[PDB]
Each structure stands twice: as structure tokens, then as C-alpha cells.
Amino acid sequence: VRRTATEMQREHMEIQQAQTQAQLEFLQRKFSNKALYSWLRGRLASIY
Amino acid sequence: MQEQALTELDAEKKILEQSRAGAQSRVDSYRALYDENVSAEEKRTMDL
């Protein structure tokens, strides 16, 4: 019983890994990411 | 996962109930030994 509880702990850990990858993927695909503000920052620094 | 954490204690209860059964068997053995102090035949040999 304790081994089939720790296998469920492993499955819980794998679904936390999948959720962390979904969060990273959301921060990369989103529009207001690092790249948008990077281009806007450099472009406004030039204009300024 | 909490339900597996709860059924592990129901397995622990089975462990302690088997321990309880073994100790009850030892009590039922040694009370039978202690009540019969000397047998009916251990008295015969002292008489002999």
C-alpha cells in the first residue's frame, strides 16, 4: 500500500512537471513576453 | 493521494491486530500452563 502511494506521488510529480512546462510555454507564447518589451525598449531608446 | 494515505492506516490496523492475536495466543497458552500446576501424572510420580 505504501508503494502504490509513492507511485501516485510520482504521478503527482509528473503532472506538476507538465504544469510547469505549460506555465513556461504560456510565458513564451504570450504577446507581452520578454521579446516584445525588448524590441520596444531598444526602439524607444533609439527614438529617445 | 490522501485516500491512499488513509488506507495505509487500515493496513497498519491489520498489522497490529495480527500482533494482538499472537499475544492472545501466548496468553491462552501460558494461562493453561499456569493453571494446571502439576499434571494428574506428575502427582502420580510424587506418590510413587
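The structure we're discussing is the one just above.
1. Remarks on the overall build of chain B
Across its full length, chain B carries two helices and zero strands. Overall, the C-alpha framework of chain B stretches about 70 × 10 × 10 Å when taken along its three principal axes. Looking at the 48 residues of chain B, the share that counts as buried comes to 4%. Entry remark: accessible area of chain B is about 4700 Å², with carbon and sulfur atoms responsible for 51%. Within chain B, the 11 negative side-chain charges are centred at a point lying 4 Å from the centre of the 7 positive side-chain charges.

2. Quick notes on the interface of chain A and chain B
Each partner contributes residues to the interface: chain A has seven residues there, and chain B has four residues. Of all residues in chain A, the largest losses of buried area upon contact with chain B belong to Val1(A), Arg2(A) and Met8(A), amounting jointly to 67% of the total for that side. At the junction of chain A with chain B, the criterion picks out one salt bridge. The salt bridge partner of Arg2(A) is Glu8(B), with a shortest N-O separation of 3.4 Å. The tally of links from chain A across to chain B stands at one residue pair in polar contact. Each residue belonging to the side of chain A that touches chain B can be placed in one class, and the counts come to three nonpolar, three polar and one charged.

Conventions we followed
Residues numbered from 1 in each chain as written, not as in the entry; some residues may be left out. Chains lettered and ligands numbered in written order. Part of a larger assembly, values for the part shown. Heavy atoms only, no water. Helix = DSSP H or I, 4+ residues; strand = E, 2+ residues; numbered from the N terminus. Buried < 20%, exposed > 50% of the residue type's maximum accessible area, 1.4 Å probe, protein only. Areas by Shrake-Rupley, 256 points an atom, 1.4 Å probe, with all protein chains shown as cover. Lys, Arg positive; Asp, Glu negative; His and termini not counted. Charge placed at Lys NZ, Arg CZ, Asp CG, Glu CD. Contact = heavy atoms within 4.5 Å. Buried area = accessible area lost by both parts, 1.4 Å probe. Salt bridge = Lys/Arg side-chain N within 4 Å of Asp/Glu carboxyl O. Polar contact = N/O pair within 3.5 Å; in protein donor to acceptor, adjacent residues only side chain to side chain. Nonpolar A, V, L, I, M, F, W, Y, C, P; charged D, E, K, R; others polar.

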